[PDB]
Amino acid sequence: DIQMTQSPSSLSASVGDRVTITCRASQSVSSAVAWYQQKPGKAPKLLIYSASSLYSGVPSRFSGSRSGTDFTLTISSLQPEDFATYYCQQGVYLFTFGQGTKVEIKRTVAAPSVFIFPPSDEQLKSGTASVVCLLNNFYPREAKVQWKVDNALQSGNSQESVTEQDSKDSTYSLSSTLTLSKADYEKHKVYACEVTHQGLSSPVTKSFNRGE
């Protein structure tokens, strides 16, 4: 049982930056160490085999090297599409993997565009109301979304989802979904989400009036 310890577990870097990822074998091993790149929802792609041999089609900015039990993957000039998790692999015929390094792209601050969606009439018939707030194409990832119903701050009835970093413009998008019963929904008028982000000088609020 060989263990591959990968570091760092995650990192952030700007376009054009040099990035280094290290994988350390738990014991003396041969140069039988490979590197893979995995993008969201996709299979891993082979980058490097035998510690330092580049695989077919792999761009020139990737390279690998070793010193003792320490194997390094280097990206010489990070590109926006290089957002991925990178894995080392040990072995000749049977394989073990490192735990992976998530690489995120640092870019300029981008404020979100904000949209609010009322529940559909189709959904309301069934007795549930979902209210959706969309934050589109922003950076950094940190953002605060608050729900207010007739100006009452909501708690405990919403859930957020965030996209993986865009491979082209390196931004994020975020949804916040507020769930109420139809009966709770029809007791109020003003539905609002209020967004705070580093790119916004003051909070942005989007809102609708029930049945308007």
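Numbers for residues come from their place in the sequence shown, where the first is 1.
The question of which stretch, 185-193 or 15-23, has the higher mean Cα B factor is settled in favour of 185-193. Two stretches are in play, 119-127 and 77-85, and the higher mean C-alpha B-factor belongs to 119-127. Between the residues 50, 67, 175, 165, the entry's highest C-alpha temperature factor is the one at 67. Which of 38, 151, 63, 56 has the largest Cα B-factor in the deposited entry comes down to 151. Among the modelled residues of the chain, residue 161 sits in the lowest third by CA temperature factor in this PDB entry. Among the modelled residues of its chain, residue 30 has a C-alpha B-factor that falls in the highest third according to the deposited record. Ranked within its chain, residue 171 lands in the lowest third, by CA B factor from the PDB record. The PDB entry assigns residue 113 a C-alpha temperature factor belonging to the middle third of its chain's modelled residues.
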